[PDB]
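A.B. asks: My questions all concern the structure below.
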Amino acid sequence: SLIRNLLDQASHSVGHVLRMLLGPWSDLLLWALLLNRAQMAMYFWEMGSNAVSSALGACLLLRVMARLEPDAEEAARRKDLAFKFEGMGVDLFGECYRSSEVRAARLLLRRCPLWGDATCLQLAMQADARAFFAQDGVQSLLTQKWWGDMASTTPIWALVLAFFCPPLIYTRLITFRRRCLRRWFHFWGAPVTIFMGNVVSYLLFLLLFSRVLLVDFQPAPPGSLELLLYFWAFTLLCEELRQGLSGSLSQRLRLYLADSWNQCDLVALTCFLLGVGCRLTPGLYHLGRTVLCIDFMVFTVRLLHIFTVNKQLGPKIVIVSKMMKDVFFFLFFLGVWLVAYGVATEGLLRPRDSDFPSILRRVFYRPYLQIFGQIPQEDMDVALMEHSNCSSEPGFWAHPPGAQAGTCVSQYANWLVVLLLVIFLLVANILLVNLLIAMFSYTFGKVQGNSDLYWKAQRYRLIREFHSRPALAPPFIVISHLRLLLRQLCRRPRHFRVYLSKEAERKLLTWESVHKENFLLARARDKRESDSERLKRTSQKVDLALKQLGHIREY
Amino acid sequence: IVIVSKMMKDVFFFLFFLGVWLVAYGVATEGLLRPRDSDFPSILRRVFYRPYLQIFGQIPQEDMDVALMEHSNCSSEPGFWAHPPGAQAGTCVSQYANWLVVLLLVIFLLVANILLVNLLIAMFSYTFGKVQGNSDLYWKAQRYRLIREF
Amino acid sequence: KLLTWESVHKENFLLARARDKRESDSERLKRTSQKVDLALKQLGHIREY
Ligand SMILES: CC(C)CCC[C@@H](C)[C@H]1CC[C@H]2[C@@H]3CC=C4C[C@@H](O)CC[C@]4(C)[C@H]3CC[C@]12C
Ligand SMILES: CC(C)CCC[C@@H](C)[C@H]1CC[C@H]2[C@@H]3CC=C4C[C@@H](O)CC[C@]4(C)[C@H]3CC[C@]12C
Ligand SMILES: CC(C)CCC[C@@H](C)[C@H]1CC[C@H]2[C@@H]3CC=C4C[C@@H](O)CC[C@]4(C)[C@H]3CC[C@]12C
Ligand SMILES: O=C(COc1cccc(I)c1)Nc1cc(Cl)ccc1C(=O)O
C-alpha cells in the first residue's frame with residue numbers, strides 16, 4: 001500500500017507531514033485516514049475535538065493521497081471518502097454558523113495547532129474545498145474581510161465618493177467597526193480600498209498609454225510623457241516580479257508560471273519591453289509602434305481579469321472562458337467551409353492578377369467577410385459587370401469595377417458561381433451561426449451551476465491576493481517598494497491572524513463540541529425516522545415475534 | 001414586460017464586455033493606422049463609434065484597407081500613406097501593418113459578432129427559462145395593484 | 001487463469017446483485033408480508049386453545 005512504503009521512505013530520508021509522522025484523538029484519526037478506514041475516521045472525528053480543523057486537514061490529506069495513489073480503485077475510494085468527509089464537515093460548520101455568527105467567524109481564523117499551524121481557509125484552498133467555500137457563512141465572513149474594518153453594509157457608491165473626496169471619511173456615511181490617523185490607515189489599508197486604488201490607477205495607465213500611442217509617439221526621442229509611461233511600466237514590472245517572488249526561489253517561479261492571469265501579465269510586460277527597445281532603436285520604430293499597439297490590446301484584456309470581482313459577472317467570465325471549445329470547433333468548421341467555397345469560386349472565375357497575396361485574399365478574406373453582410377455582387381457576378389475582351393485566351397471576361405476583385409474574371413460558369421454563393425450563405429450564415437447558438441445555450445445551461453461555485457473559490461483567492469498586495473497605488477507603489485527593500489536592508493545590520501483569547505479558545509472548543517454532538521444526535525434521529533431504517537426495525541421486530549411464537553408453539 | 005425588466009443585468013454585463021473589447025480593438029487600429037486629422041472628436045469617433053458600427057454590418061473596407069485605396073505621398077514623415085476616400089476616415093493613414101490591421105478586423109468581427117451575440121443568446125434563454133415562472137406571479141400582483149389604482 | 005478469475009468475479013457480482021435485491025424495499029415488504037401471514041396462520045393453529 002502507500003503507508004508502509006511511505007513510512008520506510010520517510011525513515012530512510014505534504015513533505016512536512018511525512019517528516020513529522022513517524023512509527024488526543026488526532027493521532028487515532030490520522031492513523032484511520034492513512035489506513036483508509038472510513039468508519040474509524042468517522043467515529044474518531046465525531047468523538048474527537050477540533051472537528052472542523054481536523055476535517056479540513058484530513059480531507060486535504062485524502063486528496064493528496066488519492067493523487068499519490070498508483071491504483072485507480074484506491075484513489076477512487078480515497079477521493080469519495082474525501083467528498084463525503086468535506087460535505088459532512090461543511091454541514092457541521094453550517095449548523096455552527098446557524099447558532100453564533102461571530103463565534104463561527106472567529107473560529108475560521110483560529111490558527112489551530114495541528115496541520116502545520118495553517119488556518120482552516122488555507123487548508124481548504126490547498127484541498128480545493130469548493131463546497132467548504134460555498135456556504136453563506138464563510139462567504140459573508142470573506143465579504144467582511146474584503147471590507148476589512150469597513151462595515152460592509154456600506155454601498156459601493158459611498159466607497160467611490162469617499163475615495164474621490166478624502167475628507168468624506170469623517171461623515172455619517174460609511175460607518176466603521178490618534179483616531180484620525182487610525183481611521184486614515186484603516187481606510188487606505190482596507191483591501192477593498194486597495195482594489196479600488198489599483199483599478200483607478202490601471203484605468204489611468206490605460207488612458208495615458210492610449211494618449212501616447214495616438215498622439216505622442218513621434219519618431220523623435222522620447223518626451224516627458226514617454227518617460228513617465230516608461231516609469232509606470234517599470235514599476236509594474238517590479239510589482240509583478242516581487243509578487244511572483246513572494247507568493248525555494250526556483251520552486252516559487254515554477255509555482256508562479258501557473259495562474260494564467262499572471263502569464264498574461266508577464267507576456268504583456270515582455271511585449272512592452274520589446275516595444276520600448278524597438279522604439280529606442282532607430283531602425284525599428286514602426287515595429288515598436290505595432291507591437292505596442294498589440295500590447296495595449298493585451299493590457300485591455302488583463303483589465304477584464306482585474307474586473308472579475310463583481311458578484312454578478314465572475315461566473316459569466318468563467319463561463320465565457322469555458323466556451324472556447326465550442327467557438328474553437330466552430331472555427332474549424334468555418335475554416336474548412338471557407339477553404340472549399342473560396343477555392344471553388346477562385347477556380348470558377350480566373351482573375352488575371354494571380355499574385356499570391358491577391359489569391360489568398362480572394363480565397364480567404366472576402367468569403368469570410370461574406371458572413372457579416374459584405375457581399376461584393378458587383379465583384380463576382382457578371383450581369384452586374386461591363387463586358388470587355390481582356391486576353392487572347394478564348395472566353396468572355398467582363399472586367400469588374402472592384403479594386404481587388406481581379407483584373408477581369410472569366411464568365412463561363414457564373415450561374416454556378418452564384419449558386420455556390422447561395423449555398424455558402426445558406427450554410428455558413430444559417431447552419432453554422434444558429435448551430436453555434438445551440439451549442440452555446442447548452443454549454444451555458446450545463447456549466448453555470450459549477451461555474452458559480454468556482455467563482456466562489458476564485459473570489460476567496462482574490463481577497464487573499466489583494467490582502468497580500470501592498471498599500472500604495474502602482475504609480476506611487478515605488479514608495480512601498482523602497483520601504484520593503486529598506487526593511488530588507490534594515491535586518492542586515494540586525495493572513496488575517498485575528499487574535500483569540502486563551503480562555504476564549506477553550507470556550508470555542510466547548511461550544512463546537514456541544515454543537516457537534518447536537519448535530520450528530522439530529523442526524524441520528526433523521527436516520528431513525530428514515531423509512532428504510534423503520535422498515536428494517538419492523539422486519540426485526542416481526543422476526544423476533546415469530547421466533548418467540550415458535551418458542552411457544554409446543555404449547 | 002417584467003421579464004425584459006429582469007434581463008437588464010445580462011444586457012449590462014454584455015455592455016461591459018463590448019465596451020472593453022471595443023476599446024481594445026479601436027485603440028489598436030487607431031495606433032496601427034495614423035490619420036493626419038488627429039482632432040479629439042475624430043479620434044474618439046474612429047476609436048469608439050466606427051468599431052461599434054462594425055457589429056451591425058457597417059464595415060468601411062475602403063476606409064481601413066490599403067489595397068482598396070489610391071496611393072499617395074502626404075507628409076515628409078517616411079512612410080507610404082495611400083489617402084482614403086472617406087470623409088471622416090482620416091486625411092491619410094499609414095500602411096506599414098495593414099495586414100495585421102485586417103487580421104485585427106477579422107478577430108474583432110469573430111469575437112464581437114459571433115462570440116458575444118450568441119453568448120448573450122445563451123444568457124437570455126437561460127434567464128427567461130429561470131425567471132418566467134415567478135414573473136407571471138409577480139404580474140398577478142401587479143395587475144391587482146393596477147386595478148386598484150385605476 | 002482468466003476463466004477462473006472471470007468466473008469468480010461473476011459469482012461475486014451475482015451475490016452482490018442478490019444482496020441488492022434483498023435489500024430492496026419492495027422485496028423487504030414482500031418478506032414482511034409473508035412473515036406476517038405465517039404468524040397469522042400459526043396463531044390460527046393455536047386459536048383453538
Ligand atoms: C481608459 C481608456 C480605455 C480610454 C480609451 C480612450 C482613448 C482613445 C482616449 C481617452 C483620452 C484621450 C486623449 C485625451 C486628450 C487628448 C488631447 C488632444 O489634444 C489630443 C488627443 C488626446 C491625447 C486624446 C486622445 C484619445 C484618448 C487617449
Ligand atoms: C475564419 C478564418 C478561417 C478566416 C481567416 C482569414 C485570415 C487568415 C485572412 C484575412 C485577411 C488576410 C490577409 C489580408 C492581407 C494580407 C497582406 C499580405 O501582404 C500577406 C497576406 C495577408 C496578411 C492576408 C493573409 C490571410 C488573412 C489574414
Ligand atoms: C433561394 C434559392 C433557390 C435561389 C437560387 C438562385 C438561382 C435560382 C439563380 C441564381 C443565378 C441564376 C442564373 C443566372 C444565369 C443563368 C444562365 C442562363 O443561360 C440561364 C438562366 C441562369 C441559369 C439563371 C437561373 C436562375 C439562377 C440559377
Ligand atoms: O479563465 C481564465 C482567467 O484568465 C484569463 C486569461 C486569459 C483570457 C481569459 I477570457 C481569461 N484562464 C483560463 C483560461 C483557459 Cl482558456 C483555461 C483555463 C483558465 C484557468 O482559469 O486556469
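Residue numbers start at 1 in each chain; chains themselves are named A, B, ... in the order of the C-alpha cells; ligands are numbered from 1 in the order shown.
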With DSSP run on the backbone, what are the alpha helix (DSSP H) residues within chain B? I'd like them as a PyMOL selection string.
C.D. replies: chain B and resi 2-6+8-32+40-44+50-53+61-64+98-110+117-149
A.B. asks: Can you list, as a list in words, every protein, DNA or RNA residue that comes within 10 Å of residue 73 of chain B when you count only C-alpha atoms, leaving out same-chain residues fewer than 4 positions away?
C.D. replies: residues 77, 78, 79, 80, 81, 82, 83 and 92 of chain B
A.B. asks: Would you output that residue set with N, CA and C atoms, as a PDB file, in the first residue's frame?
C.D. replies:
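Listed below is the output, selection-v1.pdb:
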ATOM      1  N   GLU B  77       7.128  62.685 -43.256  1.00  0.00           N
ATOM      2  CA  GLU B  77       7.430  61.533 -42.426  1.00  0.00           C
ATOM      3  C   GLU B  77       7.586  60.291 -43.303  1.00  0.00           C
ATOM      4  N   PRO B  78       8.670  59.533 -43.123  1.00  0.00           N
ATOM      5  CA  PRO B  78       8.957  58.412 -44.030  1.00  0.00           C
ATOM      6  C   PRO B  78       7.932  57.295 -43.908  1.00  0.00           C
ATOM      7  N   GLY B  79       7.163  57.091 -44.971  1.00  0.00           N
ATOM      8  CA  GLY B  79       6.186  56.021 -44.994  1.00  0.00           C
ATOM      9  C   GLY B  79       5.323  56.121 -46.231  1.00  0.00           C
ATOM     10  N   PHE B  80       4.509  55.089 -46.425  1.00  0.00           N
ATOM     11  CA  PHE B  80       3.548  55.027 -47.519  1.00  0.00           C
ATOM     12  C   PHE B  80       2.156  55.176 -46.920  1.00  0.00           C
ATOM     13  N   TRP B  81       1.334  56.039 -47.515  1.00  0.00           N
ATOM     14  CA  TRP B  81       0.134  56.507 -46.834  1.00  0.00           C
ATOM     15  C   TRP B  81      -1.166  56.123 -47.526  1.00  0.00           C
ATOM     16  N   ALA B  82      -1.303  56.384 -48.827  1.00  0.00           N
ATOM     17  CA  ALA B  82      -2.469  55.947 -49.600  1.00  0.00           C
ATOM     18  C   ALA B  82      -3.770  56.538 -49.039  1.00  0.00           C
ATOM     19  N   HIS B  83      -3.884  57.858 -49.204  1.00  0.00           N
ATOM     20  CA  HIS B  83      -5.025  58.684 -48.810  1.00  0.00           C
ATOM     21  C   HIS B  83      -6.365  58.009 -49.088  1.00  0.00           C
ATOM     22  N   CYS B  92      -5.037  60.829 -44.267  1.00  0.00           N
ATOM     23  CA  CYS B  92      -4.409  59.661 -44.885  1.00  0.00           C
ATOM     24  C   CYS B  92      -3.725  58.845 -43.799  1.00  0.00           C
TER      25      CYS B  92
END
A.B. asks: Could the residues that lie within 8 Å of ligand 3, counting only C-alpha atoms and all ligand atoms, be listed as a list in words?
C.D. replies: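 The residues within 8 Å of ligand 3, counting only C-alpha atoms and all ligand atoms, are residues 414, 415, 416, 418, 419 and 422 of chain A.
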A.B. asks: Leaving out residue 43 of chain B and any residue of its chain fewer than 4 positions from it, which residues lie within 12 Å of it when counting only C-alpha atoms, given as a tab-separated table (two decimals) with C-alpha atoms, in the first residue's frame?
C.D. replies:
chain	number	residue	atom	x	y	z
A	210	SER	CA	-3.71	55.32	-25.37
A	211	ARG	CA	-2.91	59.05	-25.37
A	213	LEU	CA	0.02	55.76	-28.74
A	214	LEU	CA	-2.43	58.01	-30.58
A	215	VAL	CA	-0.71	61.40	-30.23
B	26	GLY	CA	-10.32	50.67	-31.59
B	27	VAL	CA	-7.11	51.80	-29.92
B	29	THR	CA	-6.40	50.10	-35.13
B	30	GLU	CA	-6.03	53.81	-34.30
B	31	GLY	CA	-2.41	53.14	-33.38
B	33	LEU	CA	-3.02	53.44	-38.82
B	34	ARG	CA	-2.29	57.09	-38.07
B	35	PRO	CA	-4.67	59.57	-39.73
B	36	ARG	CA	-3.35	63.11	-40.03
B	37	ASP	CA	-6.56	64.70	-38.69
B	38	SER	CA	-5.83	63.90	-35.05
B	39	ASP	CA	-8.56	66.14	-33.63
B	47	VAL	CA	-11.89	54.57	-31.74
B	48	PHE	CA	-15.46	54.04	-30.46
B	49	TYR	CA	-18.24	54.73	-32.97
B	50	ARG	CA	-16.95	53.07	-36.15
B	88	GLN	CA	-14.13	61.00	-41.62
B	89	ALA	CA	-11.72	58.08	-42.09
B	90	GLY	CA	-8.72	60.40	-41.80
A.B. asks: Show me, as a ChimeraX atom specification, the residues of chain A whose atoms get within 8 Å of chain C, using only C-alpha atoms for the distance check.
C.D. replies: /A:532,535,539,542-543,546
A.B. asks: Please save C-alpha atoms of the selected residues as a PDB file, in the first residue's frame.
C.D. replies:
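Wrote again_29.pdb, looks like this:
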ATOM      1  CA  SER A 532     -35.725   2.315   5.171  1.00  0.00           C
ATOM      2  CA  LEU A 535     -38.773  -0.921   7.735  1.00  0.00           C
ATOM      3  CA  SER A 539     -38.701  -6.550   9.973  1.00  0.00           C
ATOM      4  CA  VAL A 542     -41.646  -9.238  13.263  1.00  0.00           C
ATOM      5  CA  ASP A 543     -38.828 -11.794  13.121  1.00  0.00           C
ATOM      6  CA  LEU A 546     -42.153 -15.103  15.018  1.00  0.00           C
TER       7      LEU A 546
END
A.B. asks: Would you pick out the contacts of residue 147 of chain A at 9 Å or less, using only C-alpha atoms, so that residues sharing its chain but fewer than 5 positions from it are not included, and give the list as a PyMOL selection string?
C.D. replies: chain A and resi 142+152+190-193
A.B. asks: Select from chain A every residue with an atom at most 6 Å from any atom of ligand 4, then for each give the shortest pair of atoms and their distance in Å to one decimal, using only C-alpha atoms and all ligand atoms, rows by chain and rising number, as a Markdown table.
C.D. replies:
| residue | atom | partner | partner_atom_place_in_ligand_line | distance |
| --- | --- | --- | --- | --- |
| A:260 | CA | ligand 4 | 12 (N) | 5.4 |
| A:261 | CA | ligand 4 | 4 (O) | 4.7 |
| A:318 | CA | ligand 4 | 1 (O) | 5.4 |
| A:321 | CA | ligand 4 | 10 (I) | 4.9 |
A.B. asks: Show me, as a tab-separated table, the residues of chain B having an atom within 9 Å of ligand 2, each with the closest atom pair and its distance in Å, using only C-alpha atoms and all ligand atoms.
C.D. replies:
residue	atom	partner	partner_atom_place_in_ligand_line	distance
B:65	CA	ligand 2	15 (C)	8.9
B:67	CA	ligand 2	15 (C)	8.6
B:97	CA	ligand 2	17 (C)	8.6
B:98	CA	ligand 2	17 (C)	7.0
B:99	CA	ligand 2	23 (C)	4.2
B:100	CA	ligand 2	23 (C)	6.5
B:101	CA	ligand 2	14 (C)	8.7
B:102	CA	ligand 2	11 (C)	5.4
B:103	CA	ligand 2	28 (C)	5.0
B:104	CA	ligand 2	28 (C)	8.8
B:105	CA	ligand 2	11 (C)	8.4
B:106	CA	ligand 2	10 (C)	6.3
B:107	CA	ligand 2	4 (C)	8.6
B:110	CA	ligand 2	1 (C)	7.6
A.B. asks: Per residue of chain A within 7 Å of chain B, which atom pair is closest and at what distance in Å (one decimal), using only C-alpha atoms, listed by chain and increasing number, as a Markdown table?
C.D. replies:
| residue | atom | partner | partner_atom | distance |
| --- | --- | --- | --- | --- |
| A:210 | CA | B:27 | CA | 6.7 |
| A:213 | CA | B:31 | CA | 5.9 |
| A:214 | CA | B:31 | CA | 5.6 |
| A:290 | CA | B:32 | CA | 5.9 |
| A:293 | CA | B:28 | CA | 5.0 |
| A:294 | CA | B:28 | CA | 6.5 |
| A:296 | CA | B:24 | CA | 6.9 |
| A:297 | CA | B:24 | CA | 4.9 |
| A:300 | CA | B:24 | CA | 5.8 |
| A:313 | CA | B:13 | CA | 6.7 |
| A:372 | CA | B:57 | CA | 6.0 |
| A:373 | CA | B:57 | CA | 5.4 |
| A:403 | CA | B:68 | CA | 5.8 |
| A:404 | CA | B:68 | CA | 6.7 |
| A:437 | CA | B:118 | CA | 5.4 |
| A:440 | CA | B:122 | CA | 5.9 |
| A:441 | CA | B:122 | CA | 4.2 |
| A:444 | CA | B:122 | CA | 6.4 |
| A:445 | CA | B:126 | CA | 6.7 |
A.B. asks: Keeping only N, CA and C atoms, write those residues as a CSV table (one decimal), in the first residue's frame.
C.D. replies:
chain,number,residue,atom,x,y,z
A,210,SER,N,-3.0,55.0,-24.2
A,210,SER,CA,-3.7,55.3,-25.4
A,210,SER,C,-3.4,56.7,-25.9
A,213,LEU,N,0.0,56.5,-27.5
A,213,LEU,CA,0.0,55.8,-28.7
A,213,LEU,C,-0.7,56.5,-29.9
A,214,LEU,N,-1.7,57.3,-29.5
A,214,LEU,CA,-2.4,58.0,-30.6
A,214,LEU,C,-1.9,59.4,-30.9
A,290,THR,N,3.9,49.0,-33.7
A,290,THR,CA,2.9,48.0,-33.9
A,290,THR,C,2.8,47.0,-32.7
A,293,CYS,N,1.0,48.6,-29.9
A,293,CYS,CA,-0.5,48.5,-30.1
A,293,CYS,C,-1.0,47.2,-29.7
A,294,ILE,N,-0.3,46.1,-30.1
A,294,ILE,CA,-0.7,44.8,-29.6
A,294,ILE,C,-0.7,44.6,-28.1
A,296,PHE,N,-1.1,47.0,-26.0
A,296,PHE,CA,-2.3,47.7,-25.5
A,296,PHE,C,-3.5,46.8,-25.5
A,297,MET,N,-3.7,46.0,-26.5
A,297,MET,CA,-4.8,45.0,-26.6
A,297,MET,C,-4.6,44.0,-25.4
A,300,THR,N,-5.6,45.7,-22.1
A,300,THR,CA,-7.0,45.8,-22.0
A,300,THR,C,-7.7,44.5,-21.7
A,313,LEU,N,-20.8,39.1,-12.3
A,313,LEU,CA,-20.1,39.0,-13.5
A,313,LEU,C,-19.1,37.9,-13.5
A,372,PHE,N,-20.7,38.5,-42.7
A,372,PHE,CA,-21.2,39.7,-41.9
A,372,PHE,C,-21.7,40.8,-42.8
A,373,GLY,N,-22.4,40.4,-43.9
A,373,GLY,CA,-23.1,41.4,-44.7
A,373,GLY,C,-22.3,42.1,-45.8
A,403,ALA,N,-11.5,47.1,-57.0
A,403,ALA,CA,-10.0,47.3,-57.0
A,403,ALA,C,-9.2,46.1,-56.8
A,404,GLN,N,-9.7,45.2,-55.9
A,404,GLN,CA,-9.0,43.9,-55.6
A,404,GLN,C,-9.9,42.7,-55.9
A,437,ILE,N,-25.3,28.8,-31.8
A,437,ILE,CA,-26.3,29.2,-30.8
A,437,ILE,C,-26.7,28.0,-29.9
A,440,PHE,N,-23.9,27.0,-27.6
A,440,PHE,CA,-23.7,28.0,-26.6
A,440,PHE,C,-24.7,27.9,-25.5
A,441,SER,N,-26.0,27.8,-25.9
A,441,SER,CA,-27.0,27.7,-24.9
A,441,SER,C,-26.9,26.4,-24.1
A,444,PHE,N,-23.8,26.7,-21.7
A,444,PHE,CA,-24.1,27.6,-20.6
A,444,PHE,C,-25.0,26.9,-19.5
A,445,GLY,N,-26.1,26.3,-20.0
A,445,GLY,CA,-27.0,25.7,-19.1
A,445,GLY,C,-26.4,24.5,-18.3
A.B. asks: So the first atom is atom CA of residue 131 of chain A and the second is atom CA of residue 17 of chain A; what is the distance between them in Å, to one decimal place?
C.D. replies: 24.3 Å
A.B. asks: Neighbouring residues of segment 430-436 of chain A were defined as those with any atom within 8 Å, considering only C-alpha atoms; residues of the same chain fewer than 3 positions away were excluded. Please report them as a CSV table (one decimal) with N, CA and C atoms, in the first residue's frame.
C.D. replies:
chain,number,residue,atom,x,y,z
A,326,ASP,N,-16.3,25.2,-27.8
A,326,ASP,CA,-17.3,25.4,-28.8
A,326,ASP,C,-16.9,26.4,-29.9
A,327,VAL,N,-16.4,27.5,-29.5
A,327,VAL,CA,-16.0,28.5,-30.5
A,327,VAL,C,-14.9,27.9,-31.4
A,330,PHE,N,-16.2,25.6,-33.9
A,330,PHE,CA,-16.8,26.4,-34.9
A,330,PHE,C,-15.7,27.0,-35.8
A,334,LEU,N,-15.8,26.5,-39.9
A,334,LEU,CA,-15.8,27.6,-40.7
A,334,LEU,C,-14.6,27.7,-41.6
A,425,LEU,N,-23.8,31.0,-48.4
A,425,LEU,CA,-24.6,31.9,-47.5
A,425,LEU,C,-25.5,31.1,-46.7
A,426,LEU,N,-26.2,30.1,-47.3
A,426,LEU,CA,-27.1,29.2,-46.5
A,426,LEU,C,-26.4,28.4,-45.5
A,427,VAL,N,-25.2,27.9,-45.8
A,427,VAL,CA,-24.6,27.0,-44.8
A,427,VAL,C,-23.9,27.8,-43.7
A,439,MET,N,-25.2,25.1,-29.4
A,439,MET,CA,-24.1,24.7,-28.5
A,439,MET,C,-23.8,25.7,-27.4
A,440,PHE,N,-23.9,27.0,-27.6
A,440,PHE,CA,-23.7,28.0,-26.6
A,440,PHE,C,-24.7,27.9,-25.5
B,114,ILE,N,-19.8,37.1,-33.2
B,114,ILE,CA,-20.1,35.7,-33.1
B,114,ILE,C,-20.1,35.2,-31.6
B,118,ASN,N,-24.1,35.5,-29.6
B,118,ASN,CA,-24.6,34.2,-29.4
B,118,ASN,C,-24.5,33.8,-27.9
A.B. asks: Calculate how many Å separate atom CA of residue 499 of chain A from atom CA of residue 513 of chain A, rounding to one decimal.
C.D. replies: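 So the two atoms, atom CA of residue 499 of chain A and atom CA of residue 513 of chain A, lie 21.1 Å apart.
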A.B. asks: Could you check how far atom CA of residue 298 of chain A sits from atom CA of residue 280 of chain A, in Å to one decimal?
C.D. replies: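 Here the two named atoms are 21.3 Å from each other.
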A.B. asks: When you count only C-alpha atoms, which of these residues is closest to residue 453 of chain A: A:75, A:134, A:500, A:121?
C.D. replies: A:134
A.B. asks: Name the residues in contact with residue 308 of chain A at a cut-off of 9 Å, using only C-alpha atoms, excluding same-chain residues fewer than 6 positions from it; report them as a list in words.
C.D. replies: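 Result of the neighbour search: residues 314, 315, 317 and 459 of chain A.
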A.B. asks: Leaving out residue 377 of chain A and any residue of its chain fewer than 3 positions from it, which residues lie within 12 Å of it when counting only C-alpha atoms, given as number ranges by chain?
C.D. replies: A: 366-367, 370, 373-374, 380-385, 400-402, 405, 414, 417-418, 421-422
